[PDB]
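One structure is given below, encoded as structure tokens.
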Amino acid sequence: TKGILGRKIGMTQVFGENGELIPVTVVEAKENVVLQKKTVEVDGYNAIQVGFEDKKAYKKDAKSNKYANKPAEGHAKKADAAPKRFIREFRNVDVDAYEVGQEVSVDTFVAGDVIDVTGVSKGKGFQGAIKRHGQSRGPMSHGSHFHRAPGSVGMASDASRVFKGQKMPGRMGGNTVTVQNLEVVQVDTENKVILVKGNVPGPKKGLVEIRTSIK
Amino acid sequence: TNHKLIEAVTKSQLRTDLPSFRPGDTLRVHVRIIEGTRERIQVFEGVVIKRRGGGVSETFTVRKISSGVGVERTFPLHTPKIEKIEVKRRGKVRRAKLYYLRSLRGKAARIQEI
Amino acid sequence: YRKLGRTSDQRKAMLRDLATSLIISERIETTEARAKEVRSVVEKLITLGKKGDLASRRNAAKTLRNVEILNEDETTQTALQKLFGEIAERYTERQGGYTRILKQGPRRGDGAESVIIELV
Amino acid sequence: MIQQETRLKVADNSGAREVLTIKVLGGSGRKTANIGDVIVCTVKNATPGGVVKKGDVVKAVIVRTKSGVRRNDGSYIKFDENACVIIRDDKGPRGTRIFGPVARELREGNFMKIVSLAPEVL
Amino acid sequence: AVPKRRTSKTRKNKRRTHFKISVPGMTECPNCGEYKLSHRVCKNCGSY
RNA sequence: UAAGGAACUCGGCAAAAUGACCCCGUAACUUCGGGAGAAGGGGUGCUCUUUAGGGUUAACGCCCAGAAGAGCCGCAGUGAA
RNA sequence: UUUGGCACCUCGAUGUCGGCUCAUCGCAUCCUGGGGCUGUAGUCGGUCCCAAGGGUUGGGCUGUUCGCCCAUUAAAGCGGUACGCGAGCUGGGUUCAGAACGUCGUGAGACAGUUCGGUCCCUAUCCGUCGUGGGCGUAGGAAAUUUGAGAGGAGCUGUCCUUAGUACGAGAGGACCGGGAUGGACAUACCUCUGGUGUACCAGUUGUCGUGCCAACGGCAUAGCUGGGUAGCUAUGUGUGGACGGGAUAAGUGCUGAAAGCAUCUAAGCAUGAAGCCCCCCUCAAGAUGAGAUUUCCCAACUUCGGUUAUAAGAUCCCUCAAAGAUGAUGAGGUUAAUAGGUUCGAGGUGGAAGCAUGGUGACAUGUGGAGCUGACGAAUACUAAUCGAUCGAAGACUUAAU
């Protein structure tokens with residue numbers, strides 16, 4: 001339960017108990033507000049919809065996206081609220097607690113919990129195979145010509161084709177990833193941030209879909 | 001704020017009683033070893049090799065010879081496991097890192113004070 | 001930063017000769033990126049010669065070539081003297097910019113998205 | 001970084017002056033090791049006399065790598081040369097006039113024997 | 001690493017469908033100028 | 001390029017490392033010629049002093065030094081090739 | 001899965017053993033587990049059965065196919081796939097032409113008996129595969145969030161201690177047993193830490209050319225050489241992960257029966273039990289042509305609202321950029337503006353600028369001064385430019401029953 005969103009700022013180190021060092025990651029969750037409240041009879045699943053960060057309201061000559069649009073506003077208004085910029089849903093939580101218009105706060109958590117962080121990868125570009133995958137490569141001397149490329153791609157004339165699931169090169173990219181069973185250091189409420197044991201997926205000023213583990 | 005936030009948190013953890021120094025200096029360092037029994041202190045004495053960027057990350061290093069055996073110990077600054085620090089001496093250096101001393105033993109590894 | 005698909009030494013030399021000639025003319029025609037990246041350079045040269053200190057004089061003589069404008073009435077001076085005597089005053093009040101730029105059309109030989117650059 | 005085919009000095013008086021290694025035990029596929037660990041090795045430059053003679057197979061124990069370690073305190077320790085010490089299938093050494101410094105991270109290794117045998121420890 | 005069969009013209013033309021060239025914008029000059037691309041120096045019948 | 005240092009490999013192929021000049025020392029074996037640049041060591045920067053020269057010398061001066069000291073600075077002194 | 005036999009395809013070419021890289025399937029199972037067994041008291045060994053899910057070292061010596069050995073490991077399996085793969089690598093060996101030796105041969109030459117040496121081509125058209133877009137369609141149009149039909153991925157072990165030296169035991173060995181602490185390997189996410197890199201950062205330093213000389217700068221000398229090093233990219237550096245738990249289970253093992261009037265690990269029950277199946281967790285997923293579901297916004301003024309001008313919600317062109325990136329897609333912004341740059345400050349890094357002054361015969365030193373400089377980083381400031389403007393863009397079809 002107890003989901004929340006934010007974005008990623010940086011990492012530091014902390015002298016916890018015992019003079020113990022901990023590298024840690026900082027998260028600026030902020031103005032996190034409920035916008036809808038789904039149901040099983042209405043929407044087939046009992047769940048909620050949440051927005052993270054407000055943005056500019058409707059305007060004209062809106063070429064970028066800091067400003068919303070009419071239906072965005074209409075969604076932002078059905079609850080007494082403003083134009084968000086990032087929006088997601090949650091199922092794990094119980095909804096009977098929550099209530100639309102809320103501002104689910106960073107103080108919902110404590111230090112010392114179990115969470116599954118879900119963000120994206122940085123993404124790097126188009127990459128060879130020993131980078132995309134742990135393919136240890138070939139010689140560089142003793143008169144060779146097989147340095148970084150792969151070699152084989154499949155079997156012989158029998159099954160004269162190439163299977164799928166091959167680990168050829170491609171794009172080494174941002175993609176979904178859910179770590180598990182991290183934990184929490186301290187729950188600020190002035191800057192309204194959180195500090196978490198370790199590192200998270202994604203570059204700075206990104207996005208993070210924090211919630212609770214179970215195990 | 002997008003820029004002062006980090007420091008605004010980590011100021012809670014930093015320490016202030018500590019002095020200022022720089023490379024060239026000969027130092028004594030009282031440190032709080034918790035053995036399985038107690039919280040016994042001991043001292044290391046050494047020579048300021050380096051220190052790098054600020055914050056909690058300000059973090060430094062000292063050199064010593066035990067038995068003709070060069071030893072290097074490298075510590076955070078604002079860790080609590082220091083009880084105390086002393087500037088035993090200074091020295092006229094012209095670098096900011098002293099990696100060029102791991103090779104030498106003796107009067108070759110000699111320093112001017114101040 | 002940008003490289004120009006050219007080597008570092010050639011690059012540096014090109015940029016400085018660029019800014020030299022630029023100072024002579026007060027505007028020129030060239031490509032896009034070469035202008036994009038002589039931009040910041042000569043902005044900084046102005047930021048220097050706005051001060052007239054001998055230190056900055058020395059620092060600029062690094063970059064400025066050793067050139068002679070024959071000014072009017074058979075009068076001659078260098079890019080340096082010009083910079084520290086004619087141009088600092090002009091933007092003496094201003095807090096950035098100091099230049100502007102003018103997209104134009106391709107060239108014939110290439111798809112050279114060419115540009116004029118000038119002072120502001 | 002310690003792997004096999006790596007030259008170790010010794011720091012006891014069993015009879016060996018220098019060794020190099022064969023192995024790093026532990027688990028299958030285990031490649032490398034640092035302080036606190038048990039290996040095998042074979043001497044290549046021995047002391048005339050002593051117990052341990054050139055060409056002999058031996059277990060040993062790690063001390064004071066140059067790629068030193070860092071601890072739960074977030075503090076670091078290094079040295080300026082590697083070294084080893086030989087044992088007796090019991091975490092018991094052979095030579096007993098040990099030289100030079102030694103680390104602290106081997107109390108847990110139940111070489112407190114050796115630490116008490118040692119000079120300054122850190 | 002060479003052709004085994006021939007390229008049928010249908011297959012050729014199929015491939016070079018997206019082998020095209022799109023267009024320029026070419027607005028007017030309500031700012032200052034005749035019919036000329038938006039927000040631009042006189043390229044043809046223009047002032048701004 | 002850490003750290004390890006031929007585990008690679010059919011094979012240290014390649015790459016690495018050496019190198020200039022000055023000084024000191026250089027075995028076995030030899031058809032006595034040689035081996036032998038054996039090996040292996042050490043040294044070279046800058047200023048002042050001359051005492052003293054190669055004298056550049058007319059001569060200390062001209063620079064190189066007679067080349068001996070004292071000092072200055074650097075991680076590093078055939079600082080490159 | 002040997003030696004072979006038959007000569008069906010292939011000699012107007014099916015063109016190479018091993019090894020490297022990368023695999024992938026079986027099980028007649030090496031570890032792993034579970035049971036039953038033992039000439040097994042537990043273990044031992046051994047026997048059988050269940051089980052294939054995963055995993056199943058590094059070196060020395062022969063090209064040698066093989067095999068032996070040194071260390072380990074929980075084990076260090078057997079096999080299949082053009083004796084897995086050379087339009088992916090080497091060619092160590094063949095087989096080439098040189099040459100030597102031994103033997104045979106009148107000899108030319110032969111053997112194989114060895115030996116040294118001796119040239120491995122190809123711009124990928126189709127399928128296929130990994131990624132990326134474009135097109136169009138889901139009976140109104142758009143924006144956003146989503147269910148998930150299914151698909152892919154994941155299941156390895158080892159250890160200290162507590163219960164427990166307890167059961168077993170003939171003690172030794174030593175449990176099964178729950179935990180945490182664990183470690184390795186493996187896959188993952190990140191650069192706070194350690195370190196590398198750092199070619200537009202800082203310093204030092206040789207030669208040499210120009211700036212008459214001087215210095216000072218600059219050029220060239222692998223970035224001239226050396227030391228350091230920001231951002232970012234990084235691992236050897238940081239943190240994660242594995243396990244379960246459910247069933248349905250299997251070998252099985254327990255049960256209760258009847259036929260075989262008995263009985264007898266369902267033939268109709270009861271159970272339990274495997275890293276087995278499923279669930280279990282992660283990811284992709286309505287082109288799922290079946291095209292899903294919710295919320296919001298737009299709705300031809302003319303007008304069979306056809307159809308134009310229009311038009312709206314909405315998009316696009318263009319432009320400043322980068323958390324993205326071959327391209328294009330993605331994203332952030334486009335003057336009501338901090339998107340970039342500049343300017344200012346800061347951070348951080350480097351290591352005490354110049355000019356003065358003093359000292360010093362001089363080289364040099366001190367103070368002025370944590371100075372002076374500072375690319376990518378941070379804030380702020382509209383000083384500069386992203387302005388004019390254009391293009392597209394619907395008009396809710398029928399049938400039937402409800403309404």
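Within each chain, counting starts at residue 1; across the structure tokens, chains are named A, B, ... in the order shown, with ligands numbered 1 upward in that order.
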
Show me a table, sorted first by chain and then by increasing residue number, of the residues of chain E having an atom at most 10 Å from chain C, each with its shortest atom pair and the distance in Å to one decimal, counting only C-alpha atoms and written as CSV.
residue,atom,partner,partner_atom,distance
E:40,CA,C:103,CA,8.3
E:41,CA,C:104,CA,7.7
E:42,CA,C:104,CA,9.5
E:43,CA,C:105,CA,8.0

Proximity of chain D to chain G: per-residue shortest pair, 9 Å limit, only C-alpha atoms (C1' of nucleotides), as a Markdown table:
| residue | atom | partner | partner_atom | distance |
| --- | --- | --- | --- | --- |
| D:1 | CA | G:236 | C1' | 7.7 |
| D:22 | CA | G:71 | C1' | 6.8 |
| D:23 | CA | G:71 | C1' | 6.9 |
| D:24 | CA | G:72 | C1' | 8.6 |
| D:25 | CA | G:72 | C1' | 6.7 |
| D:26 | CA | G:184 | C1' | 7.1 |
| D:27 | CA | G:184 | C1' | 5.2 |
| D:28 | CA | G:73 | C1' | 5.0 |
| D:29 | CA | G:57 | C1' | 5.6 |
| D:30 | CA | G:184 | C1' | 7.0 |
| D:31 | CA | G:58 | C1' | 8.9 |
| D:40 | CA | G:71 | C1' | 8.3 |
| D:69 | CA | G:194 | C1' | 8.9 |
| D:70 | CA | G:194 | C1' | 8.4 |
| D:74 | CA | G:193 | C1' | 7.4 |
| D:76 | CA | G:194 | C1' | 8.3 |

Report as JSON lines: every residue of chain F with an atom at most 8 Å from chain A, its closest pair of atoms, and their distance in Å to one decimal, counting only C-alpha atoms (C1' of nucleotides), with rows sorted by chain and ascending residue number.
{"residue": "F:9", "atom": "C1'", "partner": "A:142", "partner_atom": "CA", "distance": 7.3}
{"residue": "F:13", "atom": "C1'", "partner": "A:142", "partner_atom": "CA", "distance": 5.9}
{"residue": "F:14", "atom": "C1'", "partner": "A:141", "partner_atom": "CA", "distance": 6.6}

Would you put the residues from that selection into a file with C-alpha atoms (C1' of nucleotides), as a PDB file, in the first residue's frame?
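The new file part-v7.pdb reads:
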ATOM      1  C1'   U F   9      48.617 -18.863 -27.011  1.00  0.00           C
ATOM      2  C1'   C F  13      53.431 -12.944 -32.799  1.00  0.00           C
ATOM      3  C1'   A F  14      52.355  -8.176 -31.485  1.00  0.00           C
TER       4        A F  14
END

Interface list for chain E, partner chain G, 7 Å threshold, only C-alpha atoms (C1' of nucleotides), as a VMD selection string: chain E and resid 1 to 5 25 27 to 31 38 to 39 48

Let me see the file: selected residues, C-alpha atoms, as a compact mmCIF listing (two decimals), in the first residue's frame.
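selection_13.txt, written as the output of this step:
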# COMPACT_ATOMS: atom_id res chain seq x y z
CA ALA E 1 26.29 -11.59 -50.83
CA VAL E 2 24.85 -10.67 -54.22
CA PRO E 3 21.48 -10.93 -55.95
CA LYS E 4 20.08 -14.42 -56.33
CA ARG E 5 17.02 -13.36 -58.34
CA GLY E 25 6.20 25.91 -45.33
CA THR E 27 3.50 31.37 -45.39
CA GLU E 28 2.82 35.04 -46.05
CA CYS E 29 4.43 38.10 -44.48
CA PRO E 30 1.79 39.66 -42.26
CA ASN E 31 4.69 41.16 -40.30
CA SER E 38 6.83 32.63 -41.77
CA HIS E 39 8.96 34.65 -39.38
CA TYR E 48 10.22 40.01 -42.06

Test item: residues at most 8 Å from stretch 16-24 of chain G, only C-alpha atoms (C1' of nucleotides), excluding those fewer than 6 positions along its chain, as number ranges by chain: A: 137-138, 150-155; G: 63, 89-90, 93

Check: which chain F residues lie within 8 Å of chain D using only C-alpha atoms (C1' of nucleotides), as an NGL selection string: :F and (3-5 or 7)

Could you dump the residues just selected with N, CA and C atoms (P, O5', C5', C4', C3', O3' and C1' of nucleotides) as a PDB file, in the first residue's frame?
ATOM      1  P     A F   3      48.376   0.208  -9.629  1.00  0.00           P
ATOM      2  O5'   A F   3      48.082  -1.230  -9.046  1.00  0.00           O
ATOM      3  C5'   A F   3      47.298  -1.350  -7.882  1.00  0.00           C
ATOM      4  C4'   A F   3      46.771  -2.731  -7.685  1.00  0.00           C
ATOM      5  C3'   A F   3      47.627  -3.860  -8.204  1.00  0.00           C
ATOM      6  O3'   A F   3      48.672  -4.220  -7.330  1.00  0.00           O
ATOM      7  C1'   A F   3      45.448  -4.153  -8.956  1.00  0.00           C
ATOM      8  P     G F   4      50.017  -4.852  -7.922  1.00  0.00           P
ATOM      9  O5'   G F   4      49.522  -6.188  -8.617  1.00  0.00           O
ATOM     10  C5'   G F   4      48.997  -7.228  -7.820  1.00  0.00           C
ATOM     11  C4'   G F   4      48.734  -8.486  -8.602  1.00  0.00           C
ATOM     12  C3'   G F   4      49.808  -8.916  -9.579  1.00  0.00           C
ATOM     13  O3'   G F   4      50.864  -9.601  -8.936  1.00  0.00           O
ATOM     14  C1'   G F   4      47.699  -9.062 -10.608  1.00  0.00           C
ATOM     15  P     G F   5      52.344  -9.650  -9.547  1.00  0.00           P
ATOM     16  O5'   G F   5      52.146 -10.122 -11.043  1.00  0.00           O
ATOM     17  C5'   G F   5      51.889 -11.481 -11.337  1.00  0.00           C
ATOM     18  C4'   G F   5      51.752 -11.701 -12.817  1.00  0.00           C
ATOM     19  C3'   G F   5      53.050 -11.634 -13.597  1.00  0.00           C
ATOM     20  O3'   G F   5      52.911 -12.382 -14.803  1.00  0.00           O
ATOM     21  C1'   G F   5      51.702  -9.832 -14.217  1.00  0.00           C
ATOM     22  P     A F   7      52.028 -18.836 -18.842  1.00  0.00           P
ATOM     23  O5'   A F   7      50.763 -18.716 -17.895  1.00  0.00           O
ATOM     24  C5'   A F   7      50.035 -19.873 -17.539  1.00  0.00           C
ATOM     25  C4'   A F   7      48.622 -19.555 -17.131  1.00  0.00           C
ATOM     26  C3'   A F   7      47.716 -19.069 -18.238  1.00  0.00           C
ATOM     27  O3'   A F   7      47.187 -20.150 -18.981  1.00  0.00           O
ATOM     28  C1'   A F   7      47.450 -17.698 -16.314  1.00  0.00           C
TER      29        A F   7
END

Residues near residue G:394, cut-off 12 Å, only C-alpha atoms (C1' of nucleotides), skip fewer than 4 positions along chain, as JSON, numbers by chain: {"G": [140, 141, 142, 298, 299, 300, 305, 311, 312, 313, 314]}

Prev. selection, N, CA, C and O atoms (P, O5', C5', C4', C3', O3' and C1' of nucleotides), output as a PDB file, in the first residue's frame:
ATOM      1  P     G G 140     -18.891   5.312 -33.181  1.00  0.00           P
ATOM      2  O5'   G G 140     -18.590   6.812 -33.610  1.00  0.00           O
ATOM      3  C5'   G G 140     -18.975   7.248 -34.895  1.00  0.00           C
ATOM      4  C4'   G G 140     -18.584   8.673 -35.169  1.00  0.00           C
ATOM      5  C3'   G G 140     -17.201   9.090 -34.737  1.00  0.00           C
ATOM      6  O3'   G G 140     -16.195   8.615 -35.603  1.00  0.00           O
ATOM      7  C1'   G G 140     -18.749  10.782 -34.195  1.00  0.00           C
ATOM      8  P     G G 141     -14.761   8.224 -35.013  1.00  0.00           P
ATOM      9  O5'   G G 141     -14.083   9.630 -34.732  1.00  0.00           O
ATOM     10  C5'   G G 141     -13.953  10.563 -35.785  1.00  0.00           C
ATOM     11  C4'   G G 141     -13.520  11.919 -35.294  1.00  0.00           C
ATOM     12  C3'   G G 141     -12.238  11.962 -34.491  1.00  0.00           C
ATOM     13  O3'   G G 141     -11.100  12.015 -35.325  1.00  0.00           O
ATOM     14  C1'   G G 141     -13.905  13.243 -33.414  1.00  0.00           C
ATOM     15  P     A G 142      -9.639  11.761 -34.722  1.00  0.00           P
ATOM     16  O5'   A G 142      -9.450  12.905 -33.638  1.00  0.00           O
ATOM     17  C5'   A G 142      -8.266  12.934 -32.866  1.00  0.00           C
ATOM     18  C4'   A G 142      -8.355  13.878 -31.696  1.00  0.00           C
ATOM     19  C3'   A G 142      -7.540  13.490 -30.489  1.00  0.00           C
ATOM     20  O3'   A G 142      -6.182  13.832 -30.653  1.00  0.00           O
ATOM     21  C1'   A G 142      -9.679  14.188 -29.814  1.00  0.00           C
ATOM     22  P     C G 298     -16.336  21.292 -24.383  1.00  0.00           P
ATOM     23  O5'   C G 298     -15.905  20.946 -25.874  1.00  0.00           O
ATOM     24  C5'   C G 298     -14.920  21.722 -26.533  1.00  0.00           C
ATOM     25  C4'   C G 298     -14.789  21.379 -27.987  1.00  0.00           C
ATOM     26  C3'   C G 298     -16.070  21.422 -28.768  1.00  0.00           C
ATOM     27  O3'   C G 298     -16.447  22.743 -29.085  1.00  0.00           O
ATOM     28  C1'   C G 298     -14.964  19.442 -29.277  1.00  0.00           C
ATOM     29  P     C G 299     -17.971  23.193 -28.902  1.00  0.00           P
ATOM     30  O5'   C G 299     -18.706  22.372 -30.038  1.00  0.00           O
ATOM     31  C5'   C G 299     -18.181  22.416 -31.350  1.00  0.00           C
ATOM     32  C4'   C G 299     -18.692  21.306 -32.218  1.00  0.00           C
ATOM     33  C3'   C G 299     -20.136  21.466 -32.687  1.00  0.00           C
ATOM     34  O3'   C G 299     -20.222  21.099 -34.048  1.00  0.00           O
ATOM     35  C1'   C G 299     -19.828  19.335 -31.798  1.00  0.00           C
ATOM     36  P     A G 300     -21.459  21.596 -34.927  1.00  0.00           P
ATOM     37  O5'   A G 300     -20.758  21.939 -36.305  1.00  0.00           O
ATOM     38  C5'   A G 300     -20.171  23.210 -36.542  1.00  0.00           C
ATOM     39  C4'   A G 300     -20.859  23.854 -37.701  1.00  0.00           C
ATOM     40  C3'   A G 300     -22.372  23.587 -37.739  1.00  0.00           C
ATOM     41  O3'   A G 300     -23.132  24.742 -38.057  1.00  0.00           O
ATOM     42  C1'   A G 300     -21.346  22.861 -39.746  1.00  0.00           C
ATOM     43  P     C G 305     -29.368  19.309 -43.966  1.00  0.00           P
ATOM     44  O5'   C G 305     -27.830  19.295 -44.395  1.00  0.00           O
ATOM     45  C5'   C G 305     -26.937  18.295 -43.921  1.00  0.00           C
ATOM     46  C4'   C G 305     -25.629  18.889 -43.502  1.00  0.00           C
ATOM     47  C3'   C G 305     -24.797  18.060 -42.555  1.00  0.00           C
ATOM     48  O3'   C G 305     -24.013  17.106 -43.231  1.00  0.00           O
ATOM     49  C1'   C G 305     -25.001  20.205 -41.693  1.00  0.00           C
ATOM     50  P     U G 311     -10.970  29.370 -41.019  1.00  0.00           P
ATOM     51  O5'   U G 311     -11.109  28.869 -39.517  1.00  0.00           O
ATOM     52  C5'   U G 311     -11.295  27.497 -39.220  1.00  0.00           C
ATOM     53  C4'   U G 311     -12.656  27.246 -38.640  1.00  0.00           C
ATOM     54  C3'   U G 311     -12.670  26.620 -37.260  1.00  0.00           C
ATOM     55  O3'   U G 311     -12.556  27.598 -36.244  1.00  0.00           O
ATOM     56  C1'   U G 311     -14.224  25.521 -38.684  1.00  0.00           C
ATOM     57  P     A G 312     -11.129  28.056 -35.668  1.00  0.00           P
ATOM     58  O5'   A G 312     -11.202  27.584 -34.160  1.00  0.00           O
ATOM     59  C5'   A G 312     -11.123  26.207 -33.867  1.00  0.00           C
ATOM     60  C4'   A G 312     -12.309  25.727 -33.087  1.00  0.00           C
ATOM     61  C3'   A G 312     -11.981  24.658 -32.065  1.00  0.00           C
ATOM     62  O3'   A G 312     -11.579  25.227 -30.839  1.00  0.00           O
ATOM     63  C1'   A G 312     -13.778  23.937 -33.410  1.00  0.00           C
ATOM     64  P     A G 313     -10.062  25.090 -30.340  1.00  0.00           P
ATOM     65  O5'   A G 313     -10.081  23.728 -29.531  1.00  0.00           O
ATOM     66  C5'   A G 313     -11.099  23.495 -28.577  1.00  0.00           C
ATOM     67  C4'   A G 313     -11.107  22.074 -28.099  1.00  0.00           C
ATOM     68  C3'   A G 313      -9.777  21.346 -28.095  1.00  0.00           C
ATOM     69  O3'   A G 313      -8.953  21.664 -26.994  1.00  0.00           O
ATOM     70  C1'   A G 313     -11.376  20.010 -29.148  1.00  0.00           C
ATOM     71  P     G G 314      -7.476  22.236 -27.267  1.00  0.00           P
ATOM     72  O5'   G G 314      -6.815  21.136 -28.198  1.00  0.00           O
ATOM     73  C5'   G G 314      -6.851  19.772 -27.827  1.00  0.00           C
ATOM     74  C4'   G G 314      -6.863  18.872 -29.030  1.00  0.00           C
ATOM     75  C3'   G G 314      -5.522  18.645 -29.691  1.00  0.00           C
ATOM     76  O3'   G G 314      -4.793  17.622 -29.036  1.00  0.00           O
ATOM     77  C1'   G G 314      -7.158  19.129 -31.330  1.00  0.00           C
TER      78        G G 314
END

Could you make a table, as JSON lines, of the residues of chain B that have an atom within 9 Å of an atom of chain D, each with its nearest atom pair and distance in Å to one decimal, counting only C-alpha atoms, in chain and number order?
{"residue": "B:61", "atom": "CA", "partner": "D:76", "partner_atom": "CA", "distance": 8.7}
{"residue": "B:66", "atom": "CA", "partner": "D:101", "partner_atom": "CA", "distance": 6.2}
{"residue": "B:67", "atom": "CA", "partner": "D:100", "partner_atom": "CA", "distance": 5.1}
{"residue": "B:68", "atom": "CA", "partner": "D:100", "partner_atom": "CA", "distance": 7.7}
{"residue": "B:69", "atom": "CA", "partner": "D:80", "partner_atom": "CA", "distance": 6.7}
{"residue": "B:70", "atom": "CA", "partner": "D:80", "partner_atom": "CA", "distance": 5.2}
{"residue": "B:71", "atom": "CA", "partner": "D:79", "partner_atom": "CA", "distance": 4.5}
{"residue": "B:72", "atom": "CA", "partner": "D:78", "partner_atom": "CA", "distance": 5.0}
{"residue": "B:73", "atom": "CA", "partner": "D:77", "partner_atom": "CA", "distance": 4.6}
{"residue": "B:74", "atom": "CA", "partner": "D:76", "partner_atom": "CA", "distance": 4.8}
{"residue": "B:75", "atom": "CA", "partner": "D:75", "partner_atom": "CA", "distance": 4.9}
{"residue": "B:76", "atom": "CA", "partner": "D:75", "partner_atom": "CA", "distance": 6.8}
{"residue": "B:79", "atom": "CA", "partner": "D:73", "partner_atom": "CA", "distance": 8.2}
{"residue": "B:81", "atom": "CA", "partner": "D:73", "partner_atom": "CA", "distance": 8.0}
{"residue": "B:102", "atom": "CA", "partner": "D:80", "partner_atom": "CA", "distance": 7.0}
{"residue": "B:103", "atom": "CA", "partner": "D:80", "partner_atom": "CA", "distance": 8.6}

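The interface of chain B with chain G at 9 Å, considering only C-alpha atoms (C1' of nucleotides), consists of residues 2, 3, 4, 53, 54, 57, 94, 95, 96 and 97 of chain B.
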
Keeping only C-alpha atoms, write those residues as a PDB file, in the first residue's frame.
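Final file, selection_15.pdb:
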ATOM      1  CA  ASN B   2      16.186  22.411  -7.164  1.00  0.00           C
ATOM      2  CA  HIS B   3      19.685  23.397  -6.088  1.00  0.00           C
ATOM      3  CA  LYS B   4      20.014  23.932  -2.334  1.00  0.00           C
ATOM      4  CA  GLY B  53      34.909  17.877  -2.844  1.00  0.00           C
ATOM      5  CA  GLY B  54      32.713  19.311  -0.162  1.00  0.00           C
ATOM      6  CA  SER B  57      31.893  13.970   0.470  1.00  0.00           C
ATOM      7  CA  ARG B  94      53.032  22.614  -3.981  1.00  0.00           C
ATOM      8  CA  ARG B  95      50.449  20.039  -5.005  1.00  0.00           C
ATOM      9  CA  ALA B  96      47.013  19.144  -3.875  1.00  0.00           C
ATOM     10  CA  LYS B  97      47.599  15.411  -3.958  1.00  0.00           C
TER      11      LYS B  97
END
